[PDB]
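A look at the structure
So the chains spell out like this:
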Amino acid sequence: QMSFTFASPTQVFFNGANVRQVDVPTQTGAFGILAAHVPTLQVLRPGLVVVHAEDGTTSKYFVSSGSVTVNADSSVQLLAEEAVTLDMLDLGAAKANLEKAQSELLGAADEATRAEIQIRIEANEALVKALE
Amino acid sequence: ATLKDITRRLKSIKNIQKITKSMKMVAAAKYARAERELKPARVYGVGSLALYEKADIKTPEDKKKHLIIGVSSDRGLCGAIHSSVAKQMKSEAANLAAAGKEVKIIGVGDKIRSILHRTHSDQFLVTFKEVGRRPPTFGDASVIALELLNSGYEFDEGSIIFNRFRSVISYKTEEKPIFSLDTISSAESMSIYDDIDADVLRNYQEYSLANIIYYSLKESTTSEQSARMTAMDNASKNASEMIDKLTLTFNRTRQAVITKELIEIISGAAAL
Amino acid sequence: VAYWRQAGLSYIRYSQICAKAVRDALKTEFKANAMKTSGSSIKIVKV
Amino acid sequence: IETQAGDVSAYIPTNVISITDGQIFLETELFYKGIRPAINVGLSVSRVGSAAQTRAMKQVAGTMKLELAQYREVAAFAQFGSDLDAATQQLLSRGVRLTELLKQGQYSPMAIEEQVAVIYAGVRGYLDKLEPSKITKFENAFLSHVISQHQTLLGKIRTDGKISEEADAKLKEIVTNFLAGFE
């Protein structure tokens, strides 16, 4: 059916395992996936993987960026970039960091600099929305 | 020889033997670290190769812009690694000399540009430095991707010549197809697939570059440490053999010096 | 499509900024593991 | 015996080494390497050199000799010791602290009681956190502290001939407190 091979440059999750539903939680718009699905290739967001492996398990965790690729025969490659868990995160660092991003966004002048501070502040705000 | 000469030679080779055992144990420790780091990065890369194998898009012909990515070590003393990499690189360069033109290349490490100051000293476009000192990570592979993309160059085909790791003793020098422009991708198989718009697929393509470069760097560093441990094991053995031979000739030279001095003293006291 | 592509930014720079934010999102110990796994500066050589 | 450039295989050094019951060997690279007095051992051995000791120095020197025997194998691996594992790193560090304990100023011989105290501190390993260039300063300050304050403890060591669990507990206490108040 589907093989949800999750990976990240630190470690690998479920590589070669029968999974029933993966909330693939991306930039174009966070969408679930089941076994039979249309094949797709999409990049990720600072966003929120919710995996469900055949038994109603709800394991959610946070992903910086990466890439999802599914084929006809459902081989779900979710190659993330930094995949952290809810047992790994804190709150006040993200709060102070989004305040710093707000201040530097009020201080930005160049378009590349404003784009970097916007992706910084939206990573922080979707991060805190994941936190709370 | 004289006696002090062989004493100097034995001192030198005993030191080279101890330092080569030290390099063998350092290569063993960094090999164990690279091997335990190799387990997640192998699955990551074979997943990327598996999605490009199921989406088995071919290569369009009759165009120019090719790219060879040499990924190997910066500091050698590790066997026949860079020889095989340079051989494969210039073989693909001679194959891409006919009917291809833009064989402008990128390479990492001092040894790849040092084995390329002569044959393709024009065509090496960017070079990297300090690989193989620290273990390879993802953010430095991001630096390689930024110096490939933001330093503006466009390419349609080529290869990422990476040192492939297979075992404690062996290795492999072989390529991976680097599908490069969206037109190579969006030809038929992406038209079968879904959500294959130009920006999403080209951001996917840049991330595929960072993916295969991460896989190549950790594969090359694991092969580096394995072959360096092998080379320092064999060099310690050859140095120990030559220490044994030079100790035998030191002893026979010592005995000859004692017998010569003794015959001179006895000849003097007898001719007195 | 993207706003940062209209700024002229690469997706790998995008990923590295998101990586910096996520390494800041860790508390202490996992922050130490991530910054040890973070990018050491591979230096460049031009022509 | 003066040897001519390490030539222990000459006539007179081989004769007298076969005669004598021990040797104290001084290879000179340790002298110019900066560990004085220049007794650079490994070739140096005493053929009865365990029963000719007080039981304090017997215990401390036995453990100290085994630690230096584990150290001297791995020093060529300690010039590249930064990128190896941690067990070696601990062993080589302990050996460096002991080897810089063994150096001593000229014309100032230490009594048995204070050298038992110093080599005891190095063997129990209250020195593994300190800098290497601060070991000899600790040594001189520890001699001054133990001679000045705790006279009765050196009296215990020189009259009992050994450490018997109360000198051991008191030295645990005083070396922990003086390491707590050194810098």
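Residues numbered from 1 in each chain as written, not as in the entry; some residues may be left out. Chains lettered and ligands numbered in written order. Part of a larger assembly, values for the part shown. Heavy atoms only, no water.

Method of determination for the deposited model, per the PDB record: cryo-EM, at 3.5 Å resolution.

**Side note on the domain arrangement of chain B**
All names here are of chain B. Segmenting chain B into domains produces domain 1 (1-25 + 232-272) and domain 2 (26-231). Centre-to-centre separation of domain 1 and domain 2, based on C-alpha positions: 49 Å. On the side of domain 2, nine residues touch domain 1, which itself brings eight residues to the contact. Interface of domain 1 and domain 2: buried area, both sides summed, is about 670 Å²; carbon and sulfur atoms make up 51% of it. (Domains from an automatic or database assignment. Contact = heavy atoms within 4.5 Å. Buried area = accessible area lost by both parts, 1.4 Å probe.)

**Describing the packing of helix α4 (residues 86-101) of chain D against helix α6 (residues 135-148) of chain D**
Two numbers describe a pair of packed helices, the interaxial angle and the distance between the axes. All names here are of chain D. At a minimum axis distance of 9 Å, the contact between α4 and α6 shows a crossing angle of 55 degrees. Considering their axes alone, α4 and α6 lie oblique with respect to each other. Seen along the crossing, α4 lies across α6 with a hand that is right-handed. Across the interface between the two elements, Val96, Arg97, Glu100 and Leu101 of α4 pack against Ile135, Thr136 and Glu139 of α6. (Axes fitted to C-alpha atoms, helices over the stretch in contact; angles between N-to-C directions. Helix = DSSP H or I, 4+ residues; strand = E, 2+ residues; numbered from the N terminus. Parallel < 35°, antiparallel > 145°, perpendicular 65-115°, else oblique. Left-handed = near helix turned anticlockwise from the far one by under 90°.)

**Let's talk about the side chain of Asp140(B)**
Relative to the elements of secondary structure, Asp140(B) occurs in helix α4 (residues 139-149). Of note is the side chain of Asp140(B), whose polar atom sits 2.8 Å from the side chain of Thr137(B). Leaving out residues up to four positions away in the same chain, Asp140(B) has contacts with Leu217(B), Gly39(C), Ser40(C) and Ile42(C). (Polar contact = N/O pair within 3.5 Å; in protein donor to acceptor, adjacent residues only side chain to side chain.)

**Let's talk about the interface of chain D and chain B**
Facing the five residues of chain D at the interface are nine residues of chain B. Roughly 670 Å² of surface becomes buried between chain D and chain B when both sides are summed, with 78% attributable to carbon and sulfur atoms. Looking at the side of chain D facing chain B, the largest losses of area belong to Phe77(D), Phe80(D) and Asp83(D), adding up to 66% of the total buried there. Taken together, the connections running from chain D to chain B amount to zero salt bridges. The interface formed by chain D and chain B holds one residue pair in polar contact in total. Across the side of chain D that touches chain B, the residue classes tally to four nonpolar, no polar and one charged. (Salt bridge = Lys/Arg side-chain N within 4 Å of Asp/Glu carboxyl O. Nonpolar A, V, L, I, M, F, W, Y, C, P; charged D, E, K, R; others polar.)

**So, the packing of aromatic side chains**
Each aromatic ring pair is described using two quantities: the centre-to-centre distance and the angle formed by the ring planes. Under the defined criterion, the tally for this structure stands at 22 aromatic pairs over all chains. A ring pair is formed by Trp4(C) and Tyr11(C), whose centres lie 5.8 Å apart and whose planes are at 35 degrees; its orientation type is tilted. Of the residues examined, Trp4(C) reaches a relative accessible area of 1% and is grouped as buried. Aromatic side chains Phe138(D) and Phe182(D) sit 5.5 Å apart centroid to centroid with 65 degrees between the ring planes, which places their arrangement in the edge-to-face category. (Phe/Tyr/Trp six-rings, centres within 6.5 Å; stacked < 30°, edge-to-face > 60°. Buried < 20%, exposed > 50% of the residue type's maximum accessible area, 1.4 Å probe, protein only.)

**Quick word on the interface of chain C and chain A**
On the side of chain A, 29 residues touch chain C, which itself brings 21 residues to the contact. Here chain C and chain A share an interface that buries about 2200 Å² over both sides, 60% of which is from carbon and sulfur atoms. At the boundary of chain C with chain A, the tally comes to one salt bridge. The salt bridge involving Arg23(C) is made with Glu82(A); its shortest N-O contact spans 2.4 Å. Across the contact surface, chain C and chain A share seven residue pairs in polar contact. Per element, the largest residue contribution to the side of chain C that touches chain A is 11 residues, and it comes from helix α2 (residues 11-24) of chain C. Residue composition of the side of chain C that touches chain A, grouped by class: 14 nonpolar, three polar and four charged.

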